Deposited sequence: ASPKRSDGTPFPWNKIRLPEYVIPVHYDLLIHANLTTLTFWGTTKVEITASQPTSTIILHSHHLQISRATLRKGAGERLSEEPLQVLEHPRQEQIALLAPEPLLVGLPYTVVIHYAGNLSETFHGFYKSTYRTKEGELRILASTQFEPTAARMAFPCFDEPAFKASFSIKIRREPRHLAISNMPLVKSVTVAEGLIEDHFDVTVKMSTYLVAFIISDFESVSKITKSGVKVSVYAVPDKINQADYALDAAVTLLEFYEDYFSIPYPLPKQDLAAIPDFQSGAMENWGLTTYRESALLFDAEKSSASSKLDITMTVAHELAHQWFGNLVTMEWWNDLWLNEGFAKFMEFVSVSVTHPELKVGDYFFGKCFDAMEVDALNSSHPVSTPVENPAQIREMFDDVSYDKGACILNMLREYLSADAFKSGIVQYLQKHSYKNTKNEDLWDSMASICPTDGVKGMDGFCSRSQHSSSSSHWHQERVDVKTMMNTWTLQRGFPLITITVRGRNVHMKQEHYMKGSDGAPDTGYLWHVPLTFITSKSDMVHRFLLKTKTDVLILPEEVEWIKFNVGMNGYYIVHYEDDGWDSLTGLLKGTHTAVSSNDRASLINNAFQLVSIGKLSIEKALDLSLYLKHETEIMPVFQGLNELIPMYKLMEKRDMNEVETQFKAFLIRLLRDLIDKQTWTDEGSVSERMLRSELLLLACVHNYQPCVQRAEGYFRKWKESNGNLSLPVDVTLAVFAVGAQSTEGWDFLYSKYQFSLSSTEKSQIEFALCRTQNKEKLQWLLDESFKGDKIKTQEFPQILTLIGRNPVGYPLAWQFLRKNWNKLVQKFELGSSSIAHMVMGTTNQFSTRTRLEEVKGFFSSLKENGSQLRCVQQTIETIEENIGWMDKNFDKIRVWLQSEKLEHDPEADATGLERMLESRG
């Protein structure tokens, strides 16, 4: 008869200090433990409820003292993942007791809790390690505890191990003691007050490289012995970032050391474990044969994210999981603030707003986690730019200092910052409400009118925000603020302006629309002097215009006249906005009869980017986003028979066919070159042969693309059947080829006519196949093309939209083009 019926633990029995002894066998894959918890009762009681999961409790007793011990009855409630310890007599309030529990268990084979993980040496031998992953609720798998983040305590952790291994944990190793023949007991120092999910220990045979920060904090990277030489980058990144955070938060790194460990088969793939963060090997290790340029960038931000938690989230952790979004939101946001300073060469800035746009697009739906954590960061950025960067900085410092080693709620962050503007009430409009507002700007003389409304793709919501508006003016030279608390508000300028732009820097989590013809002046501004506003300002314009176009508040030509400025753009962010909203348009024309508009449109696009495309070096140099633009520009140009790039491309492909595939080819350009090369029936075949010795590389996927891009319909249809056969390739690729051909202007009918025919035997191999049903019909725009198609319930909608868009815009695009 279990004495507790709540998922949450009783609040009247409180842990103070854990003494953990874990003895794990990395051969038999089992572990025994003796954990002792010092507790205090605030109310009299003879039952102690706590957390346990998949642990066989051998023995539990209660100690007090001058010493006295007594057995505890043990009841399990596996559903709730809880135990109950029954005492003979009630506990004396305020008096310190100690619970001693003996238990045993099998190392997790599920990559959570205290789990087994493996790797193979270059010699090919298989090694075992034991590792931890507790967030959110897995500590109870390694040892019994009060497994809620509010129950903080100190931890004395002891690991028994073989001499061929080494244990690392949260705190530094104090002493190693030979305990028996093949047994050593590692004692690590007592932790500071922390939550269970942040406790961690690793048993393995890793190497390490170590550097010492300016403040004397020892930073080390542990990795598999064969790969330890790839930690040099992460280690340096860790050191400089730790130093950054110590300055920013104006609070010294709380712990004696910081250990970053690269874990085989890690599935998180990063964790904020206090003093011992863990990562997937690709997020920490770097080879001169890198997975990509993105990896360096990838690992420089994954680190920065986990290191930021050392302060925000560990030193001051949430009270409960409902605030996890703030923990994660802040770490994401901090990825940028830190790196932008620390590693400017990486150009992290671009990728931030991308995720903000991504978040918004999803919030704009009827329905409304990593993206929710992206909104958190976006929100924070908004707030940080409203209040000065320093007001923000100090407010955070105060938050950390006031709540160090304790727990927190959302309001606590707001309260702390609001004490340096009713931040709390404002922020809750953004936190307790799904979606974001569309903001319409109406000007009447010096009278500037603002209005807000819940922006969503029937339309009837009463949502209302406290929005931190910002704006610049053809006259002003400085950025203005205005707090929009109501449905509408006015604002009076000292004099009439030639143009006004809101959401400066694109730092705010909202889209703005200009009434009358503010767009006219803005697109007039961009075509005259586009540098008059920031790069991101230009990007937000392009982005908002084409969104407003898709909801019927802006006319397609107004947003196209806008893009005309792009002929002069040099910055990545805007160009990608342009491309992201323009391309899809002709991909709907491609799957339609009318070829004249399709061709004039493509002609228009290449005349816009002409200059930019020419400036492209045909190398692999530059930052991740610089390389992504080079890659996409060239591919585009050659796909649209822009002669200059097509010619060059042909040349390169010839030098590489007669190579044969021997001389190296820059990955940025290979996508275009292969594409061009696959156009000849002999080049297509060469690629297909070279397609096997592709080395399971990135190169394979590049060819796979080029092959599907040929205009030879027989060679396309051919790829279709063969990737369905067992002999040449089967399940691992067909789904992706089908969609790739479904996007070829001359190959879409085949993939459609194929999904229909072979449908029966096709379904024969239903959650990952939805990709194939979208990628085959996603871009139809005809009413009749619908009569045909009549899980993938979404694909039916998206076409409906494609048609509306066409019935409205096609006639405007046609006239525009002339």
So, counting the deposited sequence from position 1, which segments are absent from the coordinates?
1-9, 75-77, 381-397, 450-478, 516-519, 828-831, 857-870, 899-921
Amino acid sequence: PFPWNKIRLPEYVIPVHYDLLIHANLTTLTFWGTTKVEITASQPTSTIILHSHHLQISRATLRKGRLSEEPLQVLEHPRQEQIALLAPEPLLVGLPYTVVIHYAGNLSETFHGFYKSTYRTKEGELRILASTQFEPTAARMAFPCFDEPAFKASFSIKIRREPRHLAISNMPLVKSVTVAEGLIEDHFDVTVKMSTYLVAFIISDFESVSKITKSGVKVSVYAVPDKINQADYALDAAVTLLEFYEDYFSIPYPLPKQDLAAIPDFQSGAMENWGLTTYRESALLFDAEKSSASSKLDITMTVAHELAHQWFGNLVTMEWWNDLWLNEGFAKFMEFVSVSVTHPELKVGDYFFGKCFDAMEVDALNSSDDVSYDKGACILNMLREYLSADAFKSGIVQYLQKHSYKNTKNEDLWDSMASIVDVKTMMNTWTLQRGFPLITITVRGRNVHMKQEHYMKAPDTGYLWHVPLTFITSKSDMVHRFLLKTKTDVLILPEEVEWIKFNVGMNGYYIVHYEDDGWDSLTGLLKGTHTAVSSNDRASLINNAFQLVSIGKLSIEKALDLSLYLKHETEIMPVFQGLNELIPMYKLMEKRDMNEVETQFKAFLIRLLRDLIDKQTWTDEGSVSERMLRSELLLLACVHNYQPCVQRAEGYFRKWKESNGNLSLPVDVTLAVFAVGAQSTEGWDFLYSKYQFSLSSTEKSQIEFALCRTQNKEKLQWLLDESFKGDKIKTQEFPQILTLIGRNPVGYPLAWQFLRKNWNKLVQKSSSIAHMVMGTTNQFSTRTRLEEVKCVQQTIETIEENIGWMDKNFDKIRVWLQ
From here on, numbers count along this sequence of modelled residues.
Of 140-148 and 74-82, the stretch with the higher mean C-alpha B-factor in the deposited entry is 74-82
Which has higher Cα B-factors on average according to the PDB entry: 266-274 or 658-666?
658-666
Sort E581, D298, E123, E361 by C-alpha B-factor from the entry and give me just the highest.
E123
Quick one: which of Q711, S404, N327, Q230 shows the highest Cα temperature factor in the PDB entry?
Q711
Modelled-residue ranking by C-alpha temperature factor, third containing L786
highest
Quick check for you: using the entry's CA B-factors within this chain, is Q56 in the lowest, middle or highest third?
middle
Among all modelled residues of this chain, ranked by Cα B factor, put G216 in the bottom, middle or top third, i.e. lowest, middle or highest.
middle
If you rank the chain by CA B-factor, which third does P459 end up in: lowest, middle or highest?
highest
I14 by Cα B-factor - lowest, middle or highest third of the modelled chain:
lowest
